[PDB]
>>> print(open('my_file30.cif').read())   # mmCIF, N, CA and C atoms and all ligand atoms
data_run
loop_
_atom_site.label_atom_id
_atom_site.label_comp_id
_atom_site.auth_asym_id
_atom_site.auth_seq_id
_atom_site.Cartn_x
_atom_site.Cartn_y
_atom_site.Cartn_z
N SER Z 1 2.97 8.64 5.92
CA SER Z 1 2.34 9.18 4.71
C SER Z 1 3.08 8.62 3.48
N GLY Z 2 2.48 8.74 2.31
CA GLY Z 2 3.13 8.32 1.05
C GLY Z 2 2.12 7.92 0.01
N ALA Z 3 2.47 8.01 -1.25
CA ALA Z 3 1.57 7.61 -2.34
C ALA Z 3 2.38 7.00 -3.47
N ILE Z 4 1.68 6.31 -4.35
CA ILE Z 4 2.19 5.82 -5.65
C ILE Z 4 1.62 6.70 -6.74
N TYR Z 5 2.46 7.11 -7.68
CA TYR Z 5 2.02 7.93 -8.82
C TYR Z 5 2.29 7.16 -10.11
N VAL Z 6 1.24 6.65 -10.74
CA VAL Z 6 1.35 5.87 -12.01
C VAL Z 6 0.32 6.44 -12.99
N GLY Z 7 0.77 6.82 -14.20
CA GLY Z 7 -0.13 7.45 -15.18
C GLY Z 7 -0.83 8.66 -14.58
N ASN Z 8 -2.13 8.73 -14.75
CA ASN Z 8 -2.98 9.80 -14.15
C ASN Z 8 -3.63 9.29 -12.86
N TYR Z 9 -2.91 8.46 -12.10
CA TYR Z 9 -3.45 7.88 -10.85
C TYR Z 9 -2.53 8.19 -9.69
N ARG Z 10 -3.16 8.45 -8.55
CA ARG Z 10 -2.48 8.55 -7.25
C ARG Z 10 -3.09 7.44 -6.39
N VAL Z 11 -2.25 6.57 -5.85
CA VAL Z 11 -2.67 5.48 -4.93
C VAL Z 11 -2.23 5.84 -3.54
N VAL Z 12 -3.17 5.88 -2.61
CA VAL Z 12 -2.92 6.19 -1.19
C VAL Z 12 -3.61 5.17 -0.28
N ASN Z 13 -3.20 5.18 0.95
CA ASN Z 13 -3.99 4.53 2.02
C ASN Z 13 -5.37 5.18 2.08
N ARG Z 14 -6.43 4.37 2.01
CA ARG Z 14 -7.80 4.92 2.04
C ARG Z 14 -7.94 5.78 3.31
N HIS Z 15 -7.35 5.41 4.45
CA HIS Z 15 -7.56 6.15 5.71
C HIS Z 15 -6.79 7.47 5.73
N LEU Z 16 -5.84 7.67 4.83
CA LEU Z 16 -5.05 8.93 4.73
C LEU Z 16 -5.53 9.75 3.52
N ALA Z 17 -6.50 9.28 2.73
CA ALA Z 17 -6.94 10.03 1.53
C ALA Z 17 -7.46 11.42 1.95
N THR Z 18 -7.15 12.42 1.15
CA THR Z 18 -7.56 13.83 1.42
C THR Z 18 -8.94 14.07 0.83
N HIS Z 19 -9.56 15.22 1.14
CA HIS Z 19 -10.84 15.63 0.51
C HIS Z 19 -10.64 15.70 -1.01
N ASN Z 20 -9.48 16.16 -1.47
CA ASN Z 20 -9.20 16.25 -2.93
C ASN Z 20 -9.16 14.85 -3.57
N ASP Z 21 -8.58 13.91 -2.82
CA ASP Z 21 -8.55 12.49 -3.28
C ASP Z 21 -10.00 12.03 -3.48
N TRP Z 22 -10.82 12.24 -2.44
CA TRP Z 22 -12.25 11.82 -2.47
C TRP Z 22 -13.03 12.57 -3.57
N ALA Z 23 -12.71 13.84 -3.77
CA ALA Z 23 -13.39 14.64 -4.81
C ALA Z 23 -12.99 14.13 -6.20
N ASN Z 24 -11.81 13.51 -6.30
CA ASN Z 24 -11.23 13.01 -7.57
C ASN Z 24 -11.21 11.47 -7.52
N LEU Z 25 -12.15 10.87 -6.79
CA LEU Z 25 -12.14 9.40 -6.56
C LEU Z 25 -12.25 8.64 -7.89
N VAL Z 26 -11.37 7.66 -8.12
CA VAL Z 26 -11.48 6.67 -9.23
C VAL Z 26 -12.00 5.34 -8.67
N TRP Z 27 -11.40 4.88 -7.58
CA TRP Z 27 -11.69 3.54 -7.03
C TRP Z 27 -11.26 3.53 -5.57
N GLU Z 28 -12.05 2.87 -4.72
CA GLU Z 28 -11.68 2.66 -3.30
C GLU Z 28 -12.22 1.33 -2.82
N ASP Z 29 -11.47 0.68 -1.96
CA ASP Z 29 -11.86 -0.58 -1.31
C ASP Z 29 -11.52 -0.46 0.16
N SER Z 30 -12.54 -0.34 1.01
CA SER Z 30 -12.37 -0.21 2.47
C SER Z 30 -11.60 -1.43 2.98
N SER Z 31 -12.00 -2.62 2.51
CA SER Z 31 -11.41 -3.90 3.00
C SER Z 31 -9.92 -3.97 2.66
N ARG Z 32 -9.44 -3.18 1.70
CA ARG Z 32 -8.00 -3.19 1.29
C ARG Z 32 -7.24 -1.98 1.85
N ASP Z 33 -7.94 -1.00 2.45
CA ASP Z 33 -7.29 0.27 2.85
C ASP Z 33 -6.67 0.98 1.66
N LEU Z 34 -7.26 0.90 0.47
CA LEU Z 34 -6.72 1.58 -0.73
C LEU Z 34 -7.74 2.56 -1.27
N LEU Z 35 -7.23 3.65 -1.80
CA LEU Z 35 -8.02 4.60 -2.60
C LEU Z 35 -7.12 5.07 -3.73
N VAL Z 36 -7.69 5.20 -4.89
CA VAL Z 36 -7.03 5.78 -6.06
C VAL Z 36 -7.82 7.00 -6.49
N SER Z 37 -7.10 8.08 -6.70
CA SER Z 37 -7.67 9.35 -7.22
C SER Z 37 -7.02 9.66 -8.54
N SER Z 38 -7.65 10.55 -9.30
CA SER Z 38 -7.12 10.97 -10.61
C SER Z 38 -6.25 12.20 -10.44
N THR Z 39 -5.23 12.30 -11.28
CA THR Z 39 -4.24 13.40 -11.23
C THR Z 39 -4.20 14.02 -12.61
N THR Z 40 -3.84 15.29 -12.67
CA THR Z 40 -3.63 16.00 -13.96
C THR Z 40 -2.21 15.68 -14.46
N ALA Z 41 -1.20 15.67 -13.57
CA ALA Z 41 0.22 15.41 -13.93
C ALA Z 41 0.48 13.91 -14.10
N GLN Z 42 1.28 13.54 -15.10
CA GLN Z 42 1.66 12.13 -15.40
C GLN Z 42 2.58 11.60 -14.29
N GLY Z 43 2.23 10.46 -13.70
CA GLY Z 43 3.08 9.78 -12.71
C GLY Z 43 4.16 8.94 -13.38
N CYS Z 44 5.30 8.76 -12.72
CA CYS Z 44 6.52 8.13 -13.28
C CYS Z 44 6.73 6.73 -12.69
N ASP Z 45 5.92 6.31 -11.68
CA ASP Z 45 6.11 5.01 -10.98
C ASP Z 45 5.68 3.88 -11.92
N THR Z 46 6.30 2.72 -11.77
CA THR Z 46 5.88 1.46 -12.43
C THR Z 46 5.35 0.51 -11.36
N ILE Z 47 4.21 -0.11 -11.62
CA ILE Z 47 3.66 -1.14 -10.72
C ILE Z 47 4.29 -2.48 -11.09
N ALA Z 48 4.80 -3.20 -10.11
CA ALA Z 48 5.27 -4.59 -10.28
C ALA Z 48 4.14 -5.49 -10.78
N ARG Z 49 4.49 -6.35 -11.74
CA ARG Z 49 3.58 -7.43 -12.20
C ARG Z 49 4.37 -8.73 -12.03
N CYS Z 50 4.14 -9.40 -10.93
CA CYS Z 50 5.01 -10.49 -10.44
C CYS Z 50 4.41 -11.18 -9.26
N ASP Z 51 5.03 -12.30 -8.82
CA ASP Z 51 4.66 -12.90 -7.53
C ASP Z 51 5.91 -12.95 -6.63
N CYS Z 52 6.74 -11.92 -6.69
CA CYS Z 52 7.82 -11.75 -5.67
C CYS Z 52 7.29 -11.81 -4.24
N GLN Z 53 8.09 -12.37 -3.37
CA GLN Z 53 7.84 -12.43 -1.93
C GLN Z 53 9.06 -11.86 -1.22
N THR Z 54 9.90 -11.12 -1.94
CA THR Z 54 11.00 -10.35 -1.33
C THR Z 54 11.02 -8.96 -1.96
N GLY Z 55 11.37 -7.97 -1.15
CA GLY Z 55 11.49 -6.59 -1.63
C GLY Z 55 12.04 -5.72 -0.52
N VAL Z 56 12.03 -4.43 -0.76
CA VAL Z 56 12.58 -3.39 0.12
C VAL Z 56 11.43 -2.42 0.35
N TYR Z 57 11.23 -2.04 1.60
CA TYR Z 57 10.25 -0.98 1.97
C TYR Z 57 10.89 0.17 2.71
N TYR Z 58 10.29 1.33 2.52
CA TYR Z 58 10.73 2.54 3.22
C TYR Z 58 9.97 2.65 4.53
N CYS Z 59 10.71 2.84 5.60
CA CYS Z 59 10.16 2.97 6.97
C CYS Z 59 10.43 4.40 7.50
N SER Z 60 9.45 5.28 7.43
CA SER Z 60 9.65 6.71 7.77
C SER Z 60 10.05 6.84 9.24
N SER Z 61 9.57 5.99 10.15
CA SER Z 61 9.85 6.09 11.62
C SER Z 61 11.30 5.65 11.90
N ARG Z 62 12.03 5.18 10.89
CA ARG Z 62 13.47 4.84 11.05
C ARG Z 62 14.32 5.58 10.03
N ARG Z 63 13.71 6.32 9.11
CA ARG Z 63 14.40 6.92 7.96
C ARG Z 63 15.30 5.87 7.32
N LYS Z 64 14.77 4.66 7.14
CA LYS Z 64 15.59 3.54 6.59
C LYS Z 64 14.75 2.75 5.60
N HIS Z 65 15.44 2.15 4.62
CA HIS Z 65 14.81 1.09 3.81
C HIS Z 65 15.23 -0.24 4.39
N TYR Z 66 14.30 -1.20 4.47
CA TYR Z 66 14.59 -2.54 4.96
C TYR Z 66 14.25 -3.54 3.87
N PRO Z 67 15.13 -4.53 3.68
CA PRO Z 67 14.78 -5.70 2.88
C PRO Z 67 13.94 -6.68 3.70
N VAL Z 68 12.87 -7.20 3.09
CA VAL Z 68 11.98 -8.13 3.81
C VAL Z 68 11.49 -9.26 2.91
N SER Z 69 11.19 -10.39 3.54
CA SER Z 69 10.34 -11.46 2.99
C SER Z 69 8.91 -11.20 3.40
N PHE Z 70 7.93 -11.35 2.49
CA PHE Z 70 6.53 -11.08 2.84
C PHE Z 70 5.64 -12.20 2.35
N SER Z 71 4.53 -12.39 3.04
CA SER Z 71 3.50 -13.37 2.62
C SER Z 71 2.76 -12.91 1.37
N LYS Z 72 2.22 -13.86 0.62
CA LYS Z 72 1.33 -13.53 -0.52
C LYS Z 72 0.06 -12.86 -0.01
N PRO Z 73 -0.52 -11.98 -0.85
CA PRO Z 73 -1.70 -11.23 -0.45
C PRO Z 73 -2.80 -12.19 0.03
N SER Z 74 -3.40 -11.86 1.15
CA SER Z 74 -4.42 -12.68 1.85
C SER Z 74 -5.37 -11.81 2.67
N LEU Z 75 -6.43 -12.46 3.15
CA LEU Z 75 -7.41 -11.92 4.12
C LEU Z 75 -6.90 -12.19 5.52
N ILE Z 76 -6.58 -11.13 6.25
CA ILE Z 76 -5.90 -11.17 7.56
C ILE Z 76 -6.72 -10.35 8.54
N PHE Z 77 -6.88 -10.83 9.77
CA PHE Z 77 -7.39 -10.00 10.89
C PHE Z 77 -6.31 -9.01 11.35
N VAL Z 78 -6.69 -7.74 11.45
CA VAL Z 78 -5.81 -6.62 11.90
C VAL Z 78 -6.44 -6.02 13.16
N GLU Z 79 -5.66 -5.91 14.23
CA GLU Z 79 -6.11 -5.39 15.55
C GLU Z 79 -6.53 -3.93 15.40
N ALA Z 80 -6.86 -3.29 16.52
CA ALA Z 80 -7.33 -1.90 16.62
C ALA Z 80 -6.31 -0.96 15.97
N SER Z 81 -6.81 0.11 15.33
CA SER Z 81 -6.03 1.27 14.84
C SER Z 81 -6.80 2.54 15.20
N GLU Z 82 -6.16 3.71 15.13
CA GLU Z 82 -6.82 5.02 15.35
C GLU Z 82 -7.50 5.46 14.04
N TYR Z 83 -7.47 4.60 13.01
CA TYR Z 83 -8.01 4.90 11.65
C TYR Z 83 -8.89 3.75 11.13
N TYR Z 84 -9.09 2.69 11.93
CA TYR Z 84 -9.96 1.53 11.60
C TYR Z 84 -10.38 0.78 12.86
N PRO Z 85 -11.60 0.19 12.85
CA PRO Z 85 -11.98 -0.83 13.83
C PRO Z 85 -11.19 -2.12 13.59
N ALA Z 86 -10.95 -2.89 14.65
CA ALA Z 86 -10.37 -4.25 14.54
C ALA Z 86 -11.19 -4.98 13.49
N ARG Z 87 -10.59 -5.29 12.34
CA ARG Z 87 -11.34 -5.86 11.20
C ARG Z 87 -10.43 -6.72 10.34
N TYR Z 88 -11.04 -7.39 9.37
CA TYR Z 88 -10.37 -8.18 8.31
C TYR Z 88 -9.97 -7.24 7.19
N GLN Z 89 -8.67 -7.20 6.91
CA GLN Z 89 -8.16 -6.51 5.70
C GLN Z 89 -7.86 -7.55 4.63
N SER Z 90 -8.25 -7.30 3.42
CA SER Z 90 -7.93 -8.17 2.27
C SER Z 90 -6.69 -7.70 1.48
N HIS Z 91 -6.13 -8.58 0.65
CA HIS Z 91 -4.99 -8.28 -0.25
C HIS Z 91 -3.80 -7.75 0.58
N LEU Z 92 -3.69 -8.20 1.82
CA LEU Z 92 -2.63 -7.78 2.75
C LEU Z 92 -1.47 -8.77 2.74
N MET Z 93 -0.25 -8.24 2.81
CA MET Z 93 1.00 -9.05 2.86
C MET Z 93 1.73 -8.72 4.15
N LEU Z 94 2.18 -9.71 4.92
CA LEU Z 94 2.89 -9.41 6.20
C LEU Z 94 4.37 -9.75 6.04
N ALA Z 95 5.19 -8.98 6.73
CA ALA Z 95 6.63 -9.21 6.91
C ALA Z 95 6.98 -8.93 8.37
N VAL Z 96 8.12 -9.47 8.81
CA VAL Z 96 8.69 -9.13 10.12
C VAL Z 96 9.47 -7.83 9.95
N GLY Z 97 9.01 -6.81 10.66
CA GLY Z 97 9.71 -5.52 10.54
C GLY Z 97 8.99 -4.50 11.36
N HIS Z 98 9.54 -3.28 11.33
CA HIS Z 98 9.00 -2.14 12.09
C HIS Z 98 8.01 -1.31 11.28
N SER Z 99 6.86 -1.01 11.86
CA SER Z 99 5.79 -0.19 11.27
C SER Z 99 5.06 0.51 12.42
N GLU Z 100 5.00 1.83 12.37
CA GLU Z 100 4.12 2.70 13.19
C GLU Z 100 3.06 3.34 12.30
N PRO Z 101 1.97 3.90 12.88
CA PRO Z 101 0.90 4.47 12.05
C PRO Z 101 1.34 5.43 10.94
N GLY Z 102 2.25 6.35 11.24
CA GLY Z 102 2.78 7.32 10.28
C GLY Z 102 3.67 6.69 9.22
N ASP Z 103 4.02 5.41 9.37
CA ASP Z 103 4.76 4.71 8.29
C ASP Z 103 3.83 4.32 7.15
N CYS Z 104 2.52 4.41 7.32
CA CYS Z 104 1.59 4.08 6.22
C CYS Z 104 1.93 4.91 5.00
N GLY Z 105 1.92 4.31 3.81
CA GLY Z 105 2.20 4.99 2.55
C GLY Z 105 3.63 4.72 2.10
N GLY Z 106 4.47 4.22 3.00
CA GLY Z 106 5.81 3.77 2.61
C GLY Z 106 5.71 2.72 1.51
N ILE Z 107 6.52 2.86 0.47
CA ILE Z 107 6.46 1.91 -0.67
C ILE Z 107 7.29 0.68 -0.40
N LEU Z 108 6.73 -0.49 -0.77
CA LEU Z 108 7.44 -1.78 -0.89
C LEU Z 108 7.71 -1.98 -2.36
N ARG Z 109 8.97 -2.23 -2.70
CA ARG Z 109 9.41 -2.41 -4.10
C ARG Z 109 10.25 -3.66 -4.28
N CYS Z 110 10.12 -4.25 -5.47
CA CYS Z 110 11.01 -5.31 -5.96
C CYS Z 110 11.69 -4.83 -7.25
N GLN Z 111 12.38 -5.75 -7.94
CA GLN Z 111 13.04 -5.38 -9.23
C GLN Z 111 12.01 -5.00 -10.31
N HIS Z 112 10.77 -5.48 -10.17
CA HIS Z 112 9.67 -5.30 -11.17
C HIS Z 112 8.90 -4.00 -10.95
N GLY Z 113 9.14 -3.32 -9.81
CA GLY Z 113 8.51 -2.02 -9.50
C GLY Z 113 7.79 -2.05 -8.15
N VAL Z 114 6.74 -1.25 -8.06
CA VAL Z 114 6.02 -1.04 -6.79
C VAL Z 114 5.16 -2.25 -6.52
N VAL Z 115 5.29 -2.84 -5.33
CA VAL Z 115 4.51 -4.01 -4.91
C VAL Z 115 3.29 -3.54 -4.11
N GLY Z 116 3.46 -2.56 -3.24
CA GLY Z 116 2.39 -2.21 -2.29
C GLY Z 116 2.82 -1.06 -1.40
N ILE Z 117 1.96 -0.72 -0.46
CA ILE Z 117 2.25 0.39 0.46
C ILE Z 117 2.00 -0.10 1.87
N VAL Z 118 2.81 0.40 2.80
CA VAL Z 118 2.57 0.08 4.23
C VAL Z 118 1.14 0.46 4.60
N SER Z 119 0.44 -0.45 5.27
CA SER Z 119 -0.97 -0.26 5.68
C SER Z 119 -1.19 -0.60 7.15
N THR Z 120 -0.47 -1.56 7.70
CA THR Z 120 -0.66 -2.07 9.09
C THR Z 120 0.67 -2.25 9.78
N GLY Z 121 0.66 -2.32 11.12
CA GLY Z 121 1.91 -2.51 11.88
C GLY Z 121 1.65 -3.07 13.28
N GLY Z 122 2.65 -3.00 14.15
CA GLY Z 122 2.62 -3.49 15.55
C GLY Z 122 2.95 -4.97 15.69
N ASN Z 123 3.27 -5.38 16.92
CA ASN Z 123 3.64 -6.78 17.27
C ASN Z 123 4.79 -7.23 16.36
N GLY Z 124 5.67 -6.30 15.97
CA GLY Z 124 6.89 -6.58 15.21
C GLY Z 124 6.60 -7.02 13.76
N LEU Z 125 5.39 -6.80 13.26
CA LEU Z 125 5.01 -7.10 11.86
C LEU Z 125 4.75 -5.78 11.14
N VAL Z 126 4.96 -5.83 9.84
CA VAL Z 126 4.55 -4.71 8.95
C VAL Z 126 3.62 -5.33 7.92
N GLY Z 127 2.46 -4.72 7.71
CA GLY Z 127 1.54 -5.15 6.67
C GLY Z 127 1.50 -4.21 5.49
N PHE Z 128 1.49 -4.75 4.28
CA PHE Z 128 1.49 -3.97 3.02
C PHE Z 128 0.22 -4.30 2.24
N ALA Z 129 -0.47 -3.27 1.77
CA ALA Z 129 -1.61 -3.40 0.86
C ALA Z 129 -1.01 -3.63 -0.51
N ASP Z 130 -1.28 -4.81 -1.10
CA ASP Z 130 -0.79 -5.13 -2.44
C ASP Z 130 -1.49 -4.26 -3.49
N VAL Z 131 -0.79 -3.88 -4.54
CA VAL Z 131 -1.42 -3.18 -5.70
C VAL Z 131 -1.18 -3.96 -7.01
N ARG Z 132 -0.43 -5.06 -6.97
CA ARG Z 132 0.04 -5.72 -8.20
C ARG Z 132 -1.13 -6.29 -9.00
N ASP Z 133 -2.23 -6.61 -8.36
CA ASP Z 133 -3.42 -7.18 -9.06
C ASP Z 133 -4.20 -6.06 -9.78
N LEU Z 134 -3.92 -4.78 -9.52
CA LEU Z 134 -4.75 -3.69 -10.11
C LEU Z 134 -4.17 -3.35 -11.47
N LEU Z 135 -4.47 -4.23 -12.43
CA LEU Z 135 -3.81 -4.16 -13.73
C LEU Z 135 -4.22 -2.86 -14.45
N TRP Z 136 -5.41 -2.36 -14.13
CA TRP Z 136 -5.99 -1.15 -14.75
C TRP Z 136 -5.15 0.10 -14.42
N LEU Z 137 -4.31 0.08 -13.38
CA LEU Z 137 -3.42 1.23 -13.06
C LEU Z 137 -2.44 1.52 -14.22
N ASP Z 138 -2.11 0.52 -15.05
CA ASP Z 138 -1.12 0.62 -16.15
C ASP Z 138 -1.76 1.01 -17.49
N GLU Z 139 -3.04 1.42 -17.51
CA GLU Z 139 -3.65 2.04 -18.73
C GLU Z 139 -4.64 3.17 -18.38
N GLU Z 140 -4.96 3.98 -19.40
CA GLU Z 140 -5.78 5.22 -19.36
C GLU Z 140 -6.22 5.56 -17.93
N1 LIG Z 201 16.21 -11.52 3.76
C1 LIG Z 201 16.12 -10.75 2.63
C2 LIG Z 201 17.27 -10.35 1.94
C3 LIG Z 201 17.19 -9.56 0.81
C4 LIG Z 201 15.96 -9.14 0.33
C5 LIG Z 201 15.87 -8.30 -0.86
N2 LIG Z 201 16.84 -7.80 -1.55
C6 LIG Z 201 16.20 -7.06 -2.50
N3 LIG Z 201 14.88 -7.11 -2.41
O1 LIG Z 201 14.66 -7.96 -1.31
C7 LIG Z 201 14.81 -9.51 1.02
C8 LIG Z 201 14.88 -10.32 2.14
ZN ZN Z 202 8.70 -8.54 -8.37
#
>>> encode(input="my_file30.cif", output="structure tokens")
Amino acid sequence: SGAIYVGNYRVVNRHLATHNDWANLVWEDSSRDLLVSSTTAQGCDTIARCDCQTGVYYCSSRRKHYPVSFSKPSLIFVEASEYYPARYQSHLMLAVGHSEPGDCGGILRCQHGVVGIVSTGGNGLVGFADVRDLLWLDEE
């Protein structure tokens, strides 16, 4: 589990979004596994605006942060999940690391701020849904 809180926005994994998230829907992309909902309370997170390919992510199944190298956001085939059919995910970044289903929502960060959230795992890879292109998260 996990979310990003920036301005009046909450960013979550689309497959973990709550009924309240859906009732307060701002934007969702199935192909990205992202949903953004509106919040009453001001969020304190900063979104990275950069092309970093290194950062640190939180891994809840290890209670650890890991430093990783990751690929630039791309269209990647992702195997079966209990929350998706075997499908193409877009804006996905892969690193070598540990990810289990409950690690989704873990934040990947660089010096510039939040890069993305854990979205995919298995076969010793961790996949992160990028948010850096969503420039609209940093205004109204
Ligand atoms: N192989 C490494 C080493 C360090 C980092 C890192 N430090 C801070 N943010 O990333 C990433 C990958
Ligand atoms: Zn960066």
>>> closest_atom_pairs(input="my_file30.cif", of="chain Z", to="ligand ZN 202 (chain Z)", cutoff="8 Å", atoms="only C-alpha atoms and all ligand atoms", output="tab-separated table")
residue	atom	partner	partner_atom	distance
Z:48	CA	Z:ZN202	ZN	5.6
Z:49	CA	Z:ZN202	ZN	6.5
Z:50	CA	Z:ZN202	ZN	4.7
Z:51	CA	Z:ZN202	ZN	6.0
Z:52	CA	Z:ZN202	ZN	4.3
Z:53	CA	Z:ZN202	ZN	7.6
Z:54	CA	Z:ZN202	ZN	7.6
Z:55	CA	Z:ZN202	ZN	7.6
Z:109	CA	Z:ZN202	ZN	7.5
Z:110	CA	Z:ZN202	ZN	4.6
Z:111	CA	Z:ZN202	ZN	5.4
Z:112	CA	Z:ZN202	ZN	4.4
Z:113	CA	Z:ZN202	ZN	6.6
Z:115	CA	Z:ZN202	ZN	7.1
>>> write_last_selection(input="my_file30.cif", atoms="N, CA and C atoms", output="tab-separated table (two decimals), in the frame of the given file")
chain	number	residue	atom	x	y	z
Z	48	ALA	N	4.80	-3.20	-10.11
Z	48	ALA	CA	5.27	-4.59	-10.28
Z	48	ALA	C	4.14	-5.49	-10.78
Z	49	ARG	N	4.49	-6.35	-11.74
Z	49	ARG	CA	3.58	-7.43	-12.20
Z	49	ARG	C	4.37	-8.73	-12.03
Z	50	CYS	N	4.14	-9.40	-10.93
Z	50	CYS	CA	5.01	-10.49	-10.44
Z	50	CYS	C	4.41	-11.18	-9.26
Z	51	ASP	N	5.03	-12.30	-8.82
Z	51	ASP	CA	4.66	-12.90	-7.53
Z	51	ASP	C	5.91	-12.95	-6.63
Z	52	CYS	N	6.74	-11.92	-6.69
Z	52	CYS	CA	7.82	-11.75	-5.67
Z	52	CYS	C	7.29	-11.81	-4.24
Z	53	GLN	N	8.09	-12.37	-3.37
Z	53	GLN	CA	7.84	-12.43	-1.93
Z	53	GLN	C	9.06	-11.86	-1.22
Z	54	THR	N	9.90	-11.12	-1.94
Z	54	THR	CA	11.00	-10.35	-1.33
Z	54	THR	C	11.02	-8.96	-1.96
Z	55	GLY	N	11.37	-7.97	-1.15
Z	55	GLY	CA	11.49	-6.59	-1.63
Z	55	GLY	C	12.04	-5.72	-0.52
Z	109	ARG	N	8.97	-2.23	-2.70
Z	109	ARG	CA	9.41	-2.41	-4.10
Z	109	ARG	C	10.25	-3.66	-4.28
Z	110	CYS	N	10.12	-4.25	-5.47
Z	110	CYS	CA	11.01	-5.31	-5.96
Z	110	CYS	C	11.69	-4.83	-7.25
Z	111	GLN	N	12.38	-5.75	-7.94
Z	111	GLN	CA	13.04	-5.38	-9.23
Z	111	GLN	C	12.01	-5.00	-10.31
Z	112	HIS	N	10.77	-5.48	-10.17
Z	112	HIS	CA	9.67	-5.30	-11.17
Z	112	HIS	C	8.90	-4.00	-10.95
Z	113	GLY	N	9.14	-3.32	-9.81
Z	113	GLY	CA	8.51	-2.02	-9.50
Z	113	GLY	C	7.79	-2.05	-8.15
Z	115	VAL	N	5.29	-2.84	-5.33
Z	115	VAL	CA	4.51	-4.01	-4.91
Z	115	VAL	C	3.29	-3.54	-4.11
>>> atom_distance(input="my_file30.cif", atom1="atom C of residue 95 of chain Z", atom2="atom CA of residue 75 of chain Z")
15.3 Å
>>> closest_residue(input="my_file30.cif", among="Z:81, Z:69, Z:99, Z:61", to="ligand LIG 201 (chain Z)", atoms="only N, CA and C atoms and all ligand atoms")
Z:69
>>> closest_residue(input="my_file30.cif", among="Z:34, Z:96, Z:45, Z:136", to="residue 114 of chain Z", atoms="only C-alpha atoms")
Z:45
>>> atom_distance(input="my_file30.cif", atom1="atom N of residue 125 of chain Z", atom2="atom CA of residue 79 of chain Z")
11.8 Å
>>> residues_around(input="my_file30.cif", residues="residue 56 of chain Z", least_positions_apart="5", cutoff="8 Å", atoms="only C-alpha atoms", output="list in words")
residues 65, 66, 67, 68, 108, 109 and 110 of chain Z
>>> select_by_dssp(input="my_file30.cif", residues="chain Z", states="strand (DSSP E or B)", output="JSON, numbers by chain")
{"Z": [4, 5, 6, 7, 8, 9, 10, 11, 12, 13, 25, 26, 27, 28, 29, 34, 35, 36, 37, 38, 39, 40, 41, 42, 43, 44, 47, 54, 55, 56, 57, 58, 59, 64, 65, 66, 67, 68, 69, 74, 75, 76, 77, 78, 87, 88, 89, 90, 91, 92, 93, 94, 95, 96, 107, 108, 109, 110, 113, 114, 115, 116, 117, 118, 119, 120, 125, 126, 127, 128, 129, 130]}
>>> atom_distance(input="my_file30.cif", atom1="atom CA of residue 126 of chain Z", atom2="atom CA of residue 102 of chain Z")
12.2 Å
>>> closest_residue(input="my_file30.cif", among="Z:118, Z:76, Z:59, Z:137", to="residue 9 of chain Z", atoms="only C-alpha atoms")
Z:137
>>> axis_aligned_box(input="my_file30.cif", around="segment 66-80 of chain Z", padding_each_side="5 Å", output="AutoDock Vina command-line options")
--center_x 3.9 --center_y -7.4 --center_z 7.9 --size_x 32.5 --size_y 22.9 --size_z 27.5
>>> residues_around(input="my_file30.cif", residues="residue 24 of chain Z", least_positions_apart="6", cutoff="6.5 Å", atoms="only N, CA and C atoms", output="ChimeraX atom specification")
/Z:36-38
>>> residues_near_point(input="my_file30.cif", point="(9.8, 5.7, -0.4)", cutoff="6 Å", atoms="all atoms listed in the file", output="PDB file with N, CA and C atoms, in the coordinates of the input")
ATOM      1  N   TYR Z  58      10.290   1.330   2.520  1.00  0.00           N
ATOM      2  CA  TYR Z  58      10.730   2.540   3.220  1.00  0.00           C
ATOM      3  C   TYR Z  58       9.970   2.650   4.530  1.00  0.00           C
ATOM      4  N   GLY Z 106       4.470   4.220   3.000  1.00  0.00           N
ATOM      5  CA  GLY Z 106       5.810   3.770   2.610  1.00  0.00           C
ATOM      6  C   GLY Z 106       5.710   2.720   1.510  1.00  0.00           C
ATOM      7  N   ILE Z 107       6.520   2.860   0.470  1.00  0.00           N
ATOM      8  CA  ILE Z 107       6.460   1.910  -0.670  1.00  0.00           C
ATOM      9  C   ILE Z 107       7.290   0.680  -0.400  1.00  0.00           C
TER      10      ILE Z 107
END
>>> residues_around(input="my_file30.cif", residues="residue 3 of chain Z", least_positions_apart="2", cutoff="8 Å", atoms="only C-alpha atoms", output="list in words")
residues 1, 5, 10, 11, 12, 13, 105, 106, 107 and 117 of chain Z
>>> residues_around(input="my_file30.cif", residues="residue 94 of chain Z", least_positions_apart="5", cutoff="6 Å", atoms="all atoms listed in the file", output="VMD selection string")
chain Z and resid 69 to 72 126 to 128
>>> closest_residue(input="my_file30.cif", among="Z:32, Z:84, Z:22, Z:57", to="ligand LIG 201 (chain Z)", atoms="all atoms listed in the file")
Z:57
>>> residues_near_point(input="my_file30.cif", point="(-6.6, -0.9, 16.9)", cutoff="12 Å", atoms="only C-alpha atoms", output="ChimeraX atom specification")
/Z:77-88,100-101,120-123
>>> closest_residue(input="my_file30.cif", among="Z:33, Z:133, Z:21, Z:138", to="residue 119 of chain Z", atoms="only C-alpha atoms")
Z:33
>>> select_by_dssp(input="my_file30.cif", residues="chain Z", states="helix (DSSP H, G or I)", output="number ranges by chain")
Z: 14-16, 19-23, 30-32, 101-103, 135-138
